[PDB]
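In what follows, a single structure is set out as structure tokens and then discussed.
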Amino acid sequence: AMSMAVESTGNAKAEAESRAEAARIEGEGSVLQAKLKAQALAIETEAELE
Amino acid sequence: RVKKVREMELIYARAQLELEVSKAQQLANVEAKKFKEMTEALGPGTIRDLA
């Protein structure tokens, strides 16, 4: 029974942590994607302002 | 962005709406003076008598 416990832990644990630690990547993607679009859109808008 | 597009909008909006009121002033000055020349040489009592 504590065997089947360890397989269940490993399976659900592995799947969930894979999803969350990938969401870490989409998160840092959001971080520096916001940082880049900040100045990018900034220069389009300040070029269309004049 | 939402500050500096929308504030240059405020400043141009001023430059245009003191403008429309300036248009209104000048056209209404001409309407004014040319009703004045109208009535004063038509006659102060003539307008009363005709009505």
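Every chain in the structure tokens has a letter given in the order shown (A, B, ...), and although residue numbers restart at 1 in each chain, ligands are simply numbered from 1 in the order shown.
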
For the contact check between chain B and chain A, emit one row per residue of chain B within 12 Å, containing the shortest atom pair and the distance in Å rounded to one decimal, counting only C-alpha atoms, chain then rising number order, as CSV.
```
residue,atom,partner,partner_atom,distance
B:1,CA,A:45,CA,7.0
B:2,CA,A:45,CA,10.2
B:3,CA,A:45,CA,11.5
B:4,CA,A:49,CA,8.4
B:5,CA,A:49,CA,6.8
B:6,CA,A:49,CA,10.4
B:7,CA,A:49,CA,11.1
B:8,CA,A:49,CA,8.7
B:9,CA,A:49,CA,10.5
```

Please produce a file of those selected residues containing C-alpha atoms, as a PDB file, in the first residue's frame.
```pdb
ATOM      1  CA  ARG B   1       1.293  56.793 -23.601  1.00  0.00           C
ATOM      2  CA  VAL B   2      -2.157  57.374 -22.125  1.00  0.00           C
ATOM      3  CA  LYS B   3      -0.684  60.488 -20.503  1.00  0.00           C
ATOM      4  CA  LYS B   4       1.324  62.086 -23.307  1.00  0.00           C
ATOM      5  CA  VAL B   5      -0.990  61.480 -26.302  1.00  0.00           C
ATOM      6  CA  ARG B   6      -4.013  62.566 -24.272  1.00  0.00           C
ATOM      7  CA  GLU B   7      -2.326  65.658 -22.809  1.00  0.00           C
ATOM      8  CA  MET B   8      -1.112  66.861 -26.181  1.00  0.00           C
ATOM      9  CA  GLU B   9      -4.777  66.321 -26.973  1.00  0.00           C
TER      10      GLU B   9
END
```
